[PDB]
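The data below hold one chain only, encoded as structure tokens and taken in the form deposited in one PDB entry.
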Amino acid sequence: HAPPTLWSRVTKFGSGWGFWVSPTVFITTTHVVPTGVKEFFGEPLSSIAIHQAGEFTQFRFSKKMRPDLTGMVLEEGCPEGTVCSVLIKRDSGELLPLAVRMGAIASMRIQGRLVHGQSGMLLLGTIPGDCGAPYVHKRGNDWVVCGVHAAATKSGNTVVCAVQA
């Protein structure tokens, strides 16, 4: 049961979504970031610390963009066998949380790109435009985010999230 505040962190961005880890840190999948844009959320690129690798992108802003949020833990993937929720938002507004059992972390070549990824098997499917949606799981009392949606095989039952370096 992801609460409304956790859903409110999922944010429309470029050709997909991103996720507010904290009031200043925003993560997404690199390939959804719009490329001829010089401002993100009213901020100029010069005010954003940007870290990117293996299709995982992090922005750190110079000002509290989402002061309503608490900071939560961002992990480099999760343990194999962890069940995670993919907090998918559709453009219609529909909320679609997908349960996924996470497999191994690995380097992957997907449509010509290197992805530092973690595979997962769904337990509905994903579509173009869902990329950047967060992979989250509960750590007892709290929620942990550990990936952003990147790919789903030809089949449909396996998904890939990019994870931090």
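Residue positions are given as counts along the sequence shown, with the first one as 1. Only the largest set of C-alpha atoms that superpose within 1.5 Å between the two forms is called the rigid core.
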Count up the deposited residues without coordinates from residue 123 to residue 124 and drop the result into none, 1 to 3, 4 to 9, or 10 or more.
4 to 9
Avg C-alpha B-factor, entry values, 106 to 114 vs 135 to 143, higher side is 135 to 143
Comparing 22 to 30 with 39 to 47, which stretch shows the greater average C-alpha B-factor in the deposited entry?
39 to 47
Record-listed C-alpha B factor of residue 14: chain third:
middle
Based on the entry's values, in what third of the chain does the Cα temperature factor of residue 162 lie: lowest, middle or highest?
lowest
Quick check for you: using the entry's CA B-factors within this chain, is residue 101 in the lowest, middle or highest third?
highest
Residue 88 by Cα B-factor - lowest, middle or highest third of the modelled chain
lowest
Residue 74 - Cα temperature factor, lowest/middle/highest third of chain:
middle
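Unshown form deposited in another entry; subsequent notes refer to it.
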For a quick test of reading the superposition: does residue 129 move by 2 Å or more at the CA between the shown form and the other one, rigid core aligned?
yes
